[PDB]
Student: 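Handing you a structure now.
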Amino acid sequence: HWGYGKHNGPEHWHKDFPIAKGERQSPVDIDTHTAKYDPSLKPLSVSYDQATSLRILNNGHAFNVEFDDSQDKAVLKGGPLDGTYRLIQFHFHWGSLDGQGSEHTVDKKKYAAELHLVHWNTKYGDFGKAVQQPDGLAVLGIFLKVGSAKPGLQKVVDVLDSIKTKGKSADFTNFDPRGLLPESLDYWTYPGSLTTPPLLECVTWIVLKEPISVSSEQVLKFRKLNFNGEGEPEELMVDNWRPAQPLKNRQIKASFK
Ligand SMILES: NS(=O)(=O)c1c(F)c(F)c(S(=O)(=O)CCO)c(NC2CCCCCCC2)c1F
Ligand SMILES: [Zn+2]
């Protein structure tokens, strides 16, 4: 039932998911002059050399590129995190126009899209157990702006017309997610939640400062995707982002400056 339209969008989620109005909801605006540099943050460690992608899936909300997480191959560690988090999937949120689409904002600036690389805390044994825990997930968020093409994204863009509609999937092996990272790993971090229902408060957010650039043609192909299933009226998959939520009793920490 939930979605992104007038009738079922973010303003409505709280009726099914009361936690929508809870104390640690995501996304948030990152006020760069209030975030404080934290010298105790350990360097971040993104180890994706052994990452094994399997499949790409249009889930009716976004598209997910899924990884094999049945052993410790592609992990995120360090930074604010204790222990080892395993990459399970990534997806994006994007807009109908280049001036909107990201979930986090930076001094109220919206980017054209935001990539979320989702990882679960291996001390909880499976991701379904991890989402029930306040430190169960670590999501690495990366902003996209429109400018020069991102070569490492083109394999994703290419396969999208084979998963145009809700519930379609395609084989998607040997994709290397290192090709989606910016040069710097400087980041902001704060405790928050999944940004779609069920809005669980189980996420350590790590949001990179440096956006990646993608081309206008690349982002245009995201906007050709459909929210609907095959044989249903076409509703373009655009604007699948939740707006910034209240920061409440949280501090956003910077890894830099
Ligand atoms: N935008 S996000 O990174 O916070 C997000 C959600 F908001 C979210 F609700 C989900 S979901 O699976 O709970 C509902 C449909 O996507 C996922 N998916 C991943 C994280 C949640 C469970 C851990 C396994 C990987 C799926 C998810 F990645
Ligand atoms: Zn997301």
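Counting convention: from 1, in listed order, for ligands and their atoms alike. All residue numbers refer to positions in the sequence shown, counting from 1.
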Student: What's the shortest distance from atom 20 (C) of ligand 1 to any protein heavy atom, and which residue and atom give it?
Tutor: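 Heavy-atom neighbour on the protein nearest atom 20 (C) of ligand 1: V118 CG1, 3.7 Å.
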Student: Decide if the gap between the ring center of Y190 and the ring center of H104 is smaller than 6.0 angstrom.
Tutor: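 They qualify: ring centres under 6.0 Å apart.
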Student: How is the N/O/S atom of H91 that comes nearest to the Zn ion (ligand 2) named?
Tutor: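 Considering only N, O and S atoms, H91 comes nearest to the Zn ion (ligand 2) through NE2.
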Student: Hey, can you tell me if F175 and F90 have their rings parallel, tilted or perpendicular (30° and 60° cut-offs)?
Tutor: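 If you compare the ring of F175 with that of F90, the planes turn out tilted.
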Student: Assess, by modelled atom type and distance only, whether the side chains of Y4 and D239 contain a donor and an acceptor separated by less than 3.5 Å.
Tutor: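 Not at all, the side chains of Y4 and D239 share no donor-acceptor pair under 3.5 Å.
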Student: Which protein heavy atom lies closest to atom 4 (O) of ligand 1, and at what distance to 0.1 Å?
Tutor: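 Sorting protein heavy atoms by distance from atom 4 (O) of ligand 1 puts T195 N, 3.0 Å first.
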Student: Hey, do the aromatic rings of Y187 and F256 have their centres closer than 6.0 Å?
Tutor: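 Aromatic pair excluded; centres sit 6.0 Å or further apart.
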Student: Hey, can you tell me if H119 and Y48 have their rings parallel, tilted or perpendicular (30° and 60° cut-offs)?
Tutor: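 The rings of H119 and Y48 lie parallel, inter-plane angle below 30°.
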Student: List the closest protein heavy-atom neighbour of atom 23 (C) of ligand 1: residue, atom name, distance to the nearest 0.1 Å.
Tutor: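 Going by distance alone, atom 23 (C) of ligand 1 is nearest to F127 CD1, 3.7 Å.
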Student: Using 4.0 Å as the upper bound for N to carboxylate O, is an ion pair formed by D68 and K73?
Tutor: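 Counted as a salt bridge, because a side-chain N and a carboxylate O are separated by less than 4.0 Å.
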Student: Got the closest protein heavy atom to atom 5 (C) of ligand 1, with its distance?
Tutor: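 Sorting protein heavy atoms by distance from atom 5 (C) of ligand 1 puts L194 CD2, 3.9 Å first.
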Student: May I ask you to identify the nearest protein heavy atom to atom 7 (F) of ligand 1, giving residue, atom name and distance to one decimal place in Å?
Tutor: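 Here the closest protein heavy atom is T196 N, 2.8 Å.
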Student: Could you tell me whether atom 17 (C) of ligand 1 has at least one protein heavy atom nearer than 4.0 Å?
Tutor: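 When distances to the protein are checked, atom 17 (C) of ligand 1 has no heavy atom within 4.0 Å.
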Student: Write out the residue and atom name of the closest protein heavy atom to atom 25 (C) of ligand 1, then the distance separating them to 0.1 Å.
Tutor: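 Its nearest protein heavy-atom neighbour is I88 CG2, 3.6 Å.
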Student: At a 4.0 Å threshold, what atoms of ligand 1 neighbour a non-hydrogen atom of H93?
Tutor: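 Under 4.0 Å from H93, ligand 1 has these atoms: 1 (N).
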Student: Nearest non-hydrogen atom to atom 14 (C) of ligand 1 belongs to which of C202, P197, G141?
Tutor: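 Of the listed residues, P197 has the closest heavy atom.
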Student: Do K109 and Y111 form a cation-pi contact, if we require the NZ or CZ to be under 6.0 Å from the six-membered ring centre and within 45 degrees of the ring's axis?
Tutor: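 Yes, a cation-pi geometry.
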Student: Considering the heavy atoms of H116, write down every atom of ligand 1 situated less than 4.0 Å from one of them.
Tutor: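 Near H116, the atoms of ligand 1 are 1 (N), 3 (O).
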Student: Which bit of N64 gets closer than 4.0 Å to ligand 1, counting heavy atoms only: side chain, backbone, both or neither?
Tutor: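 Neither part.
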Student: Looking only at side-chain N and O atoms, does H116 offer a donor or acceptor that is under 3.5 Å from a partner on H93?
Tutor: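 Per modelled atom types, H93 and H116 side chains form a pair under 3.5 Å.
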Student: How far is atom 28 (F) of ligand 1 from the closest protein heavy atom, and which atom is that?
Tutor: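 Checked against all protein heavy atoms, atom 28 (F) of ligand 1 sits closest to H91 CE1, 3.0 Å.
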Student: Among all protein non-hydrogen atoms, which one is nearest to atom 13 (O) of ligand 1, and what is the separation to 0.1 Å?
Tutor: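 Sorting protein heavy atoms by distance from atom 13 (O) of ligand 1 puts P198 CD, 3.4 Å first.
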